[PDB]
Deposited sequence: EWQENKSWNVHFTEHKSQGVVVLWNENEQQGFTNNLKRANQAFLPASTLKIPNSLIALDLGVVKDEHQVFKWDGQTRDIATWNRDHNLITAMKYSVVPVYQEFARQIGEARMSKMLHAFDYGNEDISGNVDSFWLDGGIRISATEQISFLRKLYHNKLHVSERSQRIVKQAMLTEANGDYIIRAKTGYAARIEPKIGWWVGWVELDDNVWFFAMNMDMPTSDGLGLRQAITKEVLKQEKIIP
């Protein structure tokens, strides 16, 4: 069901990196990857977990809507985009750790773990997901099949909006797990075409911060190779 495409490995080596790319054809329901064992290999979700978190914040009423403002606490941090007020949409955009940590605290770990367990997500982070596992969660979200309000899922799906043009829409989330060796960077989401939807999940070795861009770059070189995007 998951075909392997060695020919994708050149994109990682051309950028002198290692990683995995997992595609899912929704109409056909075939998976495609450059490496299965790493595809099914589980890592920390670092910020790709702000997706299910936002669902729980919303569905439990920690977040009224995407317009509600979460003021700055006044503490200058070392990411300047973090030193401002935010709503769920901007907080997702700049991955504002301080904001989502104030969700995790108004919500409690007990509900978190049980709620994330209902999502069938994993198993401070707290859990471990593989790219393949990351795509099965994404498809549930796409189809409003998680057991929370459709309002929650539609709001999160709006906040995942990364890029849209006359040819496709991308809804995704970046991550970077950089507390445990290996440090590894995530990009999971999907690309919406006129008559099909391609899910993807990629992760790769990220010892620096300087290669984060390759997360999207290497993924987009695959989607061109497969003629998915022009």
Unmodelled intervals of the deposited chain, in order: 124-135
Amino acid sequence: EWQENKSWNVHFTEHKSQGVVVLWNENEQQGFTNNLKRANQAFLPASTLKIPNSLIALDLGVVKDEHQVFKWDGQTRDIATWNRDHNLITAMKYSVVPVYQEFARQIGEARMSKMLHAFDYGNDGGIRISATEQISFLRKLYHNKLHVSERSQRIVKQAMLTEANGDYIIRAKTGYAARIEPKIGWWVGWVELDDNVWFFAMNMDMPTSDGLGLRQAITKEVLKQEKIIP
From here on, numbers count along this sequence of modelled residues.
Mean temperature factor over C-alpha atoms, higher-scoring stretch between 188-196 and 175-183: 175-183
Greater mean Cα temperature factor according to the PDB record, 97-105 or 156-164: 97-105
Highest-ranked of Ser149, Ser136, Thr76, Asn87 once sorted by CA temperature factor in the record: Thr76
Top residue by Cα temperature factor, when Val222, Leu214, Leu23, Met206 are compared in the entry: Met206
Relative C-alpha B-factor of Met92, binned into the chain's lowest, middle or highest third: lowest
Ranked C-alpha temperature factor of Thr132 among modelled chain residues, by third: middle
Third of chain Cα B-factors occupied by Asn53: middle
CA B-factor placement of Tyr121, once the chain's modelled residues are sorted into thirds: highest
Record-listed C-alpha B factor of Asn34: chain third: highest
